[PDB]
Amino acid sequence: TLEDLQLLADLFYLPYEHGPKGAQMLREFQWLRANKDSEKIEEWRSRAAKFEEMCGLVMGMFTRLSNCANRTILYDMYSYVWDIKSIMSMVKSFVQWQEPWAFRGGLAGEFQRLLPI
């Protein structure tokens, strides 16, 4: 669908600006995070549920995209789609609430640790 790509481009937009949908979604997760007794619990779960709905809209689109006839466009950018799909699963879940690597560089790197720059 058209709307699918609009949401897609919004997540991977420009270096100094995210798209409207991507920025709308980020603002809401950031809001939820910032928030008998006072009735503002009505707005928080109504707003958490409307967000858990958007987390299922974006994830529906992703699955849809992966089933596209053009396997050439998809193979080139899906690695990026697979990352944001994993970061939005644990965001939705958030709302609902060895050894050779750590000593990187090898020989070149070991020498660099003894250098000023």
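Heads up: residue numbers just count along the shown sequence, starting at 1.
Among other compared entries that model residues flanking residue 70, every one gives it coordinates, keeping it clear of the one-third cutoff. In the other compared entries of this protein that model both flanking residues, residue 100 lacks coordinates in at least a third of them.
According to the entry, the deposited sequence runs straight from residue 16 to residue 17 with no unmodelled residues in between.
According to the entry, the stretch of the deposited sequence that connects residue 35 to residue 36 contains 10 or more residues lacking coordinates, which leaves a long gap in the model. Comparing the deposited coordinates for 107-115 and 1-9, the stretch with the larger average C-alpha B-factor is 107-115.
Stretch comparison (98-106 versus 20-28) by mean CA B-factor in the PDB entry places 98-106 on top.
Ranking 71, 85, 50, 64 by Cα temperature factor from the entry places 50 first. Compared with the other modelled residues of the chain, the Cα B-factor recorded for residue 75 ranks in the lowest third. Among all modelled residues in its chain, residue 41 ranks in the highest third by Cα B-factor. Annotation for residue 90: C-alpha temperature factor in the middle third relative to the rest of the modelled chain, per the entry.
Among the modelled residues of its chain, residue 54 has a C-alpha B-factor that falls in the highest third according to the deposited record.
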